Amino acid sequence: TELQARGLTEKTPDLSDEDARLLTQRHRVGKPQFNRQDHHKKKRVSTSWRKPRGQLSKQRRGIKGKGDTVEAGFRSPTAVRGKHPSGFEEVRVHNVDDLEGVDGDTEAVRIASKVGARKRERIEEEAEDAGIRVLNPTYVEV
Amino acid sequence: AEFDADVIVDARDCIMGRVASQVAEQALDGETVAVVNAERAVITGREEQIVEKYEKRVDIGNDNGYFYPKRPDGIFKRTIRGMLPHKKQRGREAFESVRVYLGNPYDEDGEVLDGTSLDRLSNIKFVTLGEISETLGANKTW
Amino acid sequence: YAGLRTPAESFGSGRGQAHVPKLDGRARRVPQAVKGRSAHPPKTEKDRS
Amino acid sequence: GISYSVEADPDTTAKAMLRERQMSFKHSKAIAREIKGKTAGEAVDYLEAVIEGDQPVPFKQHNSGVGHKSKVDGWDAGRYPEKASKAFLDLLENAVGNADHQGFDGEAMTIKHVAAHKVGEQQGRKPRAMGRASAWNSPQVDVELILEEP
RNA sequence: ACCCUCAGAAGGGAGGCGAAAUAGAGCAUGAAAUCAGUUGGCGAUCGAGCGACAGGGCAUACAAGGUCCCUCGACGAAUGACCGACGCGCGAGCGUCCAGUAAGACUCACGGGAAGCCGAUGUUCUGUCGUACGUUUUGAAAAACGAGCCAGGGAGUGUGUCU
RNA sequence: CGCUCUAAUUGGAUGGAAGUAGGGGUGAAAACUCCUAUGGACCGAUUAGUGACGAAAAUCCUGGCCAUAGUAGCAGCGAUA
RNA sequence: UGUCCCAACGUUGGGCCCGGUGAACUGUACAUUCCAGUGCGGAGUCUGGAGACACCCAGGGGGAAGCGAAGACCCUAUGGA
Ligand SMILES: [Cl-]
Ligand SMILES: [Cl-]
Ligand SMILES: [Cl-]
Ligand SMILES: [Cl-]
Ligand SMILES: [Cl-]
Ligand SMILES: [Cl-]
Ligand SMILES: [Cl-]
Ligand SMILES: [Mg+2]
Ligand SMILES: [Mg+2]
Ligand SMILES: [Mg+2]
Ligand SMILES: [Mg+2]
Ligand SMILES: [Mg+2]
Ligand SMILES: [Mg+2]
Ligand SMILES: [Mg+2]
Ligand SMILES: [Mg+2]
Ligand SMILES: [Mg+2]
Ligand SMILES: [Mg+2]
Ligand SMILES: [Mg+2]
Ligand SMILES: [Mg+2]
Ligand SMILES: [Mg+2]
Ligand SMILES: [Mg+2]
Ligand SMILES: [Mg+2]
Ligand SMILES: [Mg+2]
Ligand code: NA
Ligand code: NA
Ligand code: NA
Ligand code: NA
Ligand code: NA
Ligand code: NA
Ligand code: NA
Ligand code: NA
Ligand code: NA
Ligand code: NA
Ligand code: NA
Ligand code: NA
Ligand code: NA
Ligand code: NA
Ligand code: NA
Ligand code: NA
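Below is the structure:
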């Protein structure tokens, strides 16, 4: 009578002490929006980041208050970079064969959006049986 | 009429500026202050030059305006305003929780703040706010 | 000759208009104009072997 | 053209629309604004008084150069848009007619929703001096009305 | 189609077809600028590159993020005391000891708590910094030049030869 | 990093593709991805190619649109009707 | 002899209010400003102060070095006629 997501939704990965620390750091430090200079002053200018090239640009000059400039110094920890917030490493899946080789303790799977309901159902049930969590599960009424 | 002053300061024979500096400090600390006997407050200096300064202020002005108070009343309050960021919320809040009065409309005798008192016995070059207001043309309503 | 088949001329300064060739009050020829020539288009002469 | 921008329960609701009316879109906003919440009947009397010139329509947004009117309350500028008013009376006549044919008491229904939309311009061209021409267009308005039982 | 309305082959209402009329005639999809109505936040005593980073109010269906708060305790870099004891200094105050101790960012463990609750998003308030952008220029916020706004279009290419 | 089309290898889609709107996650970032709604037929990935491949600007071009504004004009003429 | 001293009253058409019709110029953004200062030495936007409740109508045009025109003057170009 209520919606329930298929599979091991609550499953959590097991991470080394170091990795869990680095993951928690990433989440605590965060990073700036890094949106393009003045994107908010003109509608024709979008949020997508572009290097400020004006010789007098205030951002380019690094004037405090004008936003952070993209630099290598902002990179996230090597060990956690790219990890879903849950800590899992994602693996993109298009069919059942894509599930082969996936470590349910370490990786979680994300079914491509294009895959249809018919194929999802099969992927979702064999994923669960292989002990793999599906990040974008179908919600059935049970 | 009726002002729950946490503090009542007596200005009689006290150096206005010094008093004002303390009343601001307190008003920003959230204290409700009432300054009494403004007319009897005093400012050191050569009366003649002291007066020219205030008379100038009265004459300054134009269409936009430069409203300068003549009564010892206002004079003292404006002085306090100059020591507060009166255009900021916090500052206008403090300024508004401060009121100056001619004479003392309270029952309690106001207190004398440390280092604000002037020794008439050892000082001859100074003036009373009331004296200044009379010179400015104010109406001696005290 | 695509986009070059016209006698469009630019009026030059004087009317608060950019110096763009125009004909019948319609812009033409130049790359940035609609119906104008392709600046660096594909070329039959190119050796693609 | 428009579609009803608001959901309406058919059992306690009567609908109506004007299509591509060539009249002031600015006047229409004002009028809609003013009669919303009124009883279809009250609305009719009001608009007729407007047309008669005994009742001003507050012009709250498109008021530049408009002269004040004493009868306007809570505001100042106002006029007597008779053309747009007549078109609204047509709109109301239809709605109240539709409402009766359904068994409701038309006149007593409340104007739940009423809004004007600028669907287009009948373009026109006016010759000007120096060998040049400039636009001379007419607005085309659509307007929805939803009557609801009290 | 039929019926009501209407000056009415108009339009509108009701209804019919079709998977779909938000496929109803320049009718596939239906962006932005922008308009009507409406919801959230602000609002008729207050200041202007419209934001970045911090932190508060208010607002929030699900989904695709799940964290967050307080007691205590463990760990604990640089830094690092109060009080008290003694001894100096005209004095503000300092020295020795207590002690590299207590404290000390992050992280973790037990227990307890939140689900508009944490993140996030909308808006608004406070703090810090902040006079667009690009171009010209020794020097641009510039009273130097360009743009009303948005969408789409808009500029190192080919052959030969040489290196 | 992203765009077009070609080839090899290999996948998704009417049990709902592209696109669009709003929203969630990742990446320092170019950008990648997922959810819901809309849509109703196409769409990718890896490798090796391809090139009329990336815009905020040029008094840039073309189209659409807002303010201007219910404003100016619809009076002025020896023909005041 | 209203050119002037020195302006007045009046006449007609506008102007103002109402119905109908209904453009254009112009717009980086923000914008209730004033006095000073500062800055590429001529600032509504910087700095310090002062003033400042919001909206609207009519006016005469002080400022936006207002709008209109890639300065005709001057110089420069191994420019033109
Ligand atoms: Cl890197
Ligand atoms: Cl004044
Ligand atoms: Cl202030
Ligand atoms: Cl003395
Ligand atoms: Cl309009
Ligand atoms: Cl840590
Ligand atoms: Cl190049
Ligand atoms: Mg933008
Ligand atoms: Mg062409
Ligand atoms: Mg007017
Ligand atoms: Mg002619
Ligand atoms: Mg369509
Ligand atoms: Mg200021
Ligand atoms: Mg120079
Ligand atoms: Mg483009
Ligand atoms: Mg391959
Ligand atoms: Mg550029
Ligand atoms: Mg244009
Ligand atoms: Mg005007
Ligand atoms: Mg006559
Ligand atoms: Mg020139
Ligand atoms: Mg000459
Ligand atoms: Mg010659
Ligand atoms: Na003094
Ligand atoms: Na004054
Ligand atoms: Na031709
Ligand atoms: Na132009
Ligand atoms: Na060839
Ligand atoms: Na208005
Ligand atoms: Na009124
Ligand atoms: Na009234
Ligand atoms: Na907030
Ligand atoms: Na330039
Ligand atoms: Na600049
Ligand atoms: Na300047
Ligand atoms: Na324009
Ligand atoms: Na190109
Ligand atoms: Na005369
Ligand atoms: Na002026």
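Keeping their order, the protein sequence lines are chains A, B, C and D. Note that the numbering used here numbers the first sequence so that position 109 is 112, with each residue one more than the last. Note that the numbering used here numbers the second sequence so that position 134 is 521, with each residue one more than the last. Note that the numbering used here numbers the third sequence so that position 18 is 270, with each residue one more than the last. Note that the numbering used here numbers the fourth sequence so that position 21 is 37, with each residue one more than the last. Positions of the beta carbon are idealized from the N, C-alpha and C atoms, including for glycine.
The beta carbon of B:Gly524 sits closer than 7 Å to those of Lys457, all from its chain and outside the five residues before and after it, given in chain order. In this structure, D:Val88 has its beta carbon less than 8 Å from a heavy atom of ligand 30. Looking at the DSSP output, C:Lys274 shares a beta bridge with C:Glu261, C:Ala279. Under the DSSP assignment, D:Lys31 falls in the beta strand (DSSP E) whose first and last residues are 29-37. Take D:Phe104, set aside five residues on each side of it, and the residues of its chain with a beta-carbon closer than 6 Å to its own are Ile47, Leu63, in chain order. Residue side-chain check: A:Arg78 places its Cβ nearer than 8 Å to a non-hydrogen atom of ligand 1.
A check of alpha carbon separations from A:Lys14 across A:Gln36, A:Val145, A:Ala111, A:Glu127 identifies A:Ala111 as the nearest.
D:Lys134 carries a strand assignment under DSSP once its states are collapsed to helix, strand and coil. In this structure D:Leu161 touches D:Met33 by the C-beta definition: roughly 7 Å separates them, less than 8 Å.
The way I'd put it, the segment 89-99 of chain A does touch the segment 122-136 of chain A; three or more beta-carbon pairs between them come closer than 8 Å.
Here the alpha carbon of D:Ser86 sits roughly 7 Å from the alpha carbon of D:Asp92.
Near ligand 2, meaning a beta-carbon closer than 6 Å to one of its heavy atoms, we find B:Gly448, B:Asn449, B:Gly452, B:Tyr453. Cα atoms of D:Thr55 and D:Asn110: separation of roughly 14 Å, rounded to the nearest angstrom. For B:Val406, there is no enclosing beta strand (DSSP E); the enclosing alpha helix (DSSP H) has its first and last residue at 403-415.
When the alpha-carbon of D:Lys128 is set against those of D:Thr28, D:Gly17, D:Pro155, the nearest one is in D:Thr28.
DSSP lists no bridge partner for B:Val499. Contact between D:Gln139 and D:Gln38 fails: their C-beta atoms lie close to 12 Å from each other, not under 8 Å. Between D:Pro155 and D:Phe75, the C-beta spacing is not below 9 Å.
D:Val112 places its beta carbon 9 Å or farther from that of D:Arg35. When the beta-carbon positions are compared, B:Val423 and B:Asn526 stay at least 9 Å from each other. The shortest C-alpha to C-alpha distance from D:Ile51 to any of D:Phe120, D:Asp116, D:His133, D:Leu108 is the one to D:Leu108. Here D:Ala132 is buried: its Cβ has 16 or more other Cβ atoms, across all protein chains shown, within 10 Å. Contact between the segment 130-144 of chain A and the segment 398-406 of chain B is not established, with fewer than three Cβ pairs separated by less than 8 Å. Around B:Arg507, the same chain offers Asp400 as residues with beta carbons nearer than 7 Å, after the five sequence neighbours per side are excluded.
Residues of the same chain with a CB within less than 7 Å of the CB of D:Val60, apart from the 5 flanking positions on each side, are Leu105, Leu108 in chain order. Going by DSSP, D:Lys142 is part of the beta strand (DSSP E) stretching over 141-143.
Nearest to A:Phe77 by C-alpha distance, out of A:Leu25, A:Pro35, A:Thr27, is A:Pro35. When the beta-carbon positions are compared, A:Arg63 and A:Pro55 come within less than 9 Å of each other. Annotation note: the segment 439-525 of chain B contains the following uninterrupted alpha helix (DSSP H) runs of length 4 or greater, listed N- to C-terminal: 459-468, 476-483, 516-523. If only uninterrupted beta strand (DSSP E) runs of at least 3 residues are considered, those enclosed by the segment 89-121 of chain A are 92-96, 110-114. Per DSSP, the unbroken beta strand (DSSP E) holding B:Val422 starts and ends at 420-423. At least 9 Å separates the beta-carbon of A:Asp20 from that of A:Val83.
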